[PDB]
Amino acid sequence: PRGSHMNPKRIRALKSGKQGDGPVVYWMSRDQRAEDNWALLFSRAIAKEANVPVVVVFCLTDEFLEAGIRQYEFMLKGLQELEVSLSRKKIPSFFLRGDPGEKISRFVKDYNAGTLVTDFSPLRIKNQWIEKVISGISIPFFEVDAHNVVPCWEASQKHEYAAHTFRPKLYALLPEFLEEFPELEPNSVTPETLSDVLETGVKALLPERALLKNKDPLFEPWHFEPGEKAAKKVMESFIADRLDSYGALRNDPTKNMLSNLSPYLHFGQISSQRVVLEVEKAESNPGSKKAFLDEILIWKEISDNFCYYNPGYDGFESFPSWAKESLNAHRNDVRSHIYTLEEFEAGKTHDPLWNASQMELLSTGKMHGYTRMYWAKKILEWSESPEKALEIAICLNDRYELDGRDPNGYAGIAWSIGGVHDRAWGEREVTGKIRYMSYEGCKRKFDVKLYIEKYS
């Protein structure tokens, strides 16, 4: 569909039909940004070919009642900034509330849209809304992978067992798909308040806030400023100040040496392709660059591959056969400790390291990358069953992580609990052959006491 700097492999047709005479509508769900957005760029070019304006629509669903205020404010503040950025390019933004299967279909008929475009997400609920929209529209419907450097349907046609199988396929396609982003051309043709939605949502989630003993909320919202502009600053400071030491200190939670890009990446407020562009371009430690690129290319996009080809990505069924057989045989093993969801949530276990990790999660909304494994694996060790462990880890992850409700989270938990994209290890009690992590193992890798003292 036209374009010179436009790889057609990034766009797939969800529904064919006659192209209407109205504006092209970009249904934005996952990539909430104005710059470095292939889905937004693809909508602009098609609208340019038909001599029609492009508009962006966002549907606020009821799914924010399952998470907390920390994610709601972070997303809403970014949308307010994105609304002004799109208005400067004469691109109006419409914010709907309700079921997208009904609101998008009503919007497309009322505004007489000619072409519908949306970004890609392998999550189950996104596919359900797509199927409802297809059944309610008669105009072409397109889907664009704006989140991965290589389109998810292009990197692999099947579920990938391990990184070492998926790595050569991704890197082989890098010279074709790693490219600079063209500038978003403003519209040539012009034709609910987010403040009220922010106020209404906060009041609804206020009773379910995470409070302390003296009725003070735990969340500290000054650690990550939301928005597309603030995402850019985080990327710059990582390359200038932290990228050099990333390879050596990525597994040290006492050192702030991570990129801290996961909140922005999850909400689409910054493009991982843009980050990869800047990282590939910087002169830094070759070991550190390879260590970071593997996280943001291999492990990030293989989490999409996992969720896209495994509809039960959040269930015990998706675990590899050796893992399911191992965990099943140890179901009757006596657990040293058994904690409920409430006890896990409040950090009331016998392990100060686990409790400290939970307190980082509650107070900052971003647990360090290394402790997230120890956190999830100890949940498996101190729960009734593998099923109860999975649901507890998923519940706590999505409720308190800024980057939660994400394919990285589900693949990250499946790695820790079911050994997905992992291999078998020493046979043990309760965890079977799943990779084991111990408190003493953390002690020899970083100052555990400093991490504990930082979070009580």
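Residue indices: 1-based, along the sequence shown.
- Unmodelled residues of the deposited sequence between neighbouring positions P191 and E192 number 4 to 9.
- The deposited model assigns a higher average Cα B-factor to 320-328 than to the other stretch when 360-368 and 320-328 are compared.
- As the entry records it, the average C-alpha temperature factor is higher for 129-137, out of 129-137 and 274-282.
- Of the candidates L396, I69, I417, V55, the PDB record gives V55 the highest C-alpha temperature factor.
- Ranking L174, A291, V84, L76 by the C-alpha B-factor listed in the PDB entry places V84 at the top.
- The deposited CA B-factor of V202 belongs to the middle third of values across its chain.
- Among the modelled residues of its chain, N408 has a C-alpha B-factor that falls in the lowest third according to the deposited record.
- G287 sits in the lowest third of its chain by CA B factor, as recorded in the PDB entry.
- Compared with the other modelled residues of the chain, the Cα B-factor recorded for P386 ranks in the middle third.
- In the deposited entry, the Cα temperature factor of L116 sits in the top third of values across the chain's modelled residues.
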